[PDB]
């Protein structure tokens, strides 16, 4: 169903839906690993389904329709603890590339495309443990797609070889994120 911000479990999958207080976002959980989101001139929001906790070797499948009208991402997204890391494996995005506000460490050729690897430091920002300073890791897919499989180990291992350490996994989802834009998306995760 259409729900408010929060986390929980639906039809066998963990879900997280968060936003910054700006309206215009409707997030809806569907059967199995499906969710859909429709946003009209939202602020920043992140919503999707997956697992709690994630793993460092999960092969994640996703498929659906993704129609962003502005700044938005479709990613495998999650966190670790000790160290506290927020990470992204971006499979598709709108008008804004993550490369802008991050620093490139290398590349990895995975699941049919080269991805550029970046790290950014979030200073005194919101997190799964409250206001904190922590690193963000990115793999950004050069060839955007709306379906396929992501072997997360390819990215975690590549990040490790570049000196990017991951802690013990917290949640791991396929998420649609928007940032002051509009759009629609419907995705099934497994």
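Here the rigid core means the biggest group of C-alpha atoms that line up within 1.5 Å when the two forms are laid on top of each other. Numbering follows the first chain given and starts at 1.
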Farther-lying stretch by C-alpha RMS in 4 other deposited structures of this protein (rigid core fit) among 95 to 103, 74 to 82: 95 to 103
Quick check: 123 to 131 versus 63 to 71, which has the larger average CA B-factor in the record? 123 to 131
Could you check the entry and say whether 99 to 107 or 74 to 82 has the higher mean CA B-factor? 99 to 107
For the listed 139, 41, 162, 55, which has the peak Cα B-factor recorded in the PDB entry? 162
One of 150, 158, 37, 46 has the largest Cα B-factor in the entry, namely 158
Hey, what third does residue 50 fall into on Cα B-factor, ranked over its chain? lowest
Among all modelled residues of this chain, ranked by Cα B factor, put residue 167 in the bottom, middle or top third, i.e. lowest, middle or highest. highest
Where does the C-alpha B-factor of residue 12 rank in its chain, lowest, middle or highest third? middle
Rank-wise, by C-alpha B-factor, drop residue 186 into the lowest, middle or highest third of its chain. lowest
